[PDB]
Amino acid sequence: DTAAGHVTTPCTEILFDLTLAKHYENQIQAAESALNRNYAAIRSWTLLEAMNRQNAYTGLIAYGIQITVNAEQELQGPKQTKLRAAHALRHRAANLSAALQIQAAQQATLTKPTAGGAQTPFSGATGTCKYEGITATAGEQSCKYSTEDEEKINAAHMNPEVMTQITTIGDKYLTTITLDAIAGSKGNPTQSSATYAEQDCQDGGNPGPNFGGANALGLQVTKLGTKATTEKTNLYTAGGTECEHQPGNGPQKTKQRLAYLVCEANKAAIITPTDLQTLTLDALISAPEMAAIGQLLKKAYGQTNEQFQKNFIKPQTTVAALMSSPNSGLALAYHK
């Protein structure tokens, strides 16, 4: 758990969450790229069949259609499982970034108070100093990662075999405002302490800084901000086979839902089919589907790969760009 072991702060959880989402997204993108390459190969061989050789080209088209349509169908499930996780991880990272900005508002700006006597919620006070609209805001926050952060929290460290837990920021960071506050009194503050120059309530003597007047009353919000904590959540049950935190068994925390989805995404294996455009002879001969489609296989495609390449892989003004161009169909219709 190199990557998750490096999550110790809101910023580094954000980086883990975004980096794992993109990892799942790249896995799907890679598989879909492989499919489109295979469909471009089939279109390429379709034009060549239109130009013994015909049956051989059709053996490739049939083999290509079979394994590519199979893998496209086999992909949809793992695709959805992985995407559900990538969406939730990006959603969580968005959440954490928003809470980060708010928890950065740690300095308060006081308003002009208003002095009074007894009033809610100090019915027994002889003096009160009431503030409305005290605010706290921070400049735009940004996470700045070190070189090691991005080396540790990296798709290279997110293979399923090495992942057993996630680390998340505790919920209080996303739900709770925390602050320190202090009241100060001097003399006999009342409703007549209506000199507000120092953003407190003063009267008597010479009002001024540091409770200069005879009677003073005020407060300050000296600090705001909720401390982040971290929490570990395992992906698998004790035995290590099943995903923990299955939904449908009672209320769950965010970390539990995320851990379930990441576990299922890690287990959703993608079957990548053979790359048709770099296919070798021994790959086609050894392919089990080519038994039903077809020593005889060699007779038709070649007994050396150097031959199979030259006849079926290397071609020719281009077969591949044409059959994925605005003139793909006209090219096949003319030659047919």
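For every residue, the number given is its place in the sequence shown, counted from 1.
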Deposited residues absent from the coordinates between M51 and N52, none, 1 to 3, 4 to 9, or 10 or more? 4 to 9
Between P315 and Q316, count the deposited residues left without coordinates and pick a bin: none, 1 to 3, 4 to 9, 10 or more. 1 to 3
Got a sec? Mean C-alpha B-factor, which is higher, 240-248 or 91-99? 240-248
On average, are the C-alpha B-factors higher in 253-261 or in 180-188? 180-188
Identify, among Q107, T81, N206, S146, the residue whose C-alpha carries the highest B-factor in the deposited PDB entry. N206
Highest Cα B-factor in the PDB entry belongs to which of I28, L35, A56, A268? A56
Entry-reported C-alpha B-factor of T195 relative to its chain, by third, is highest
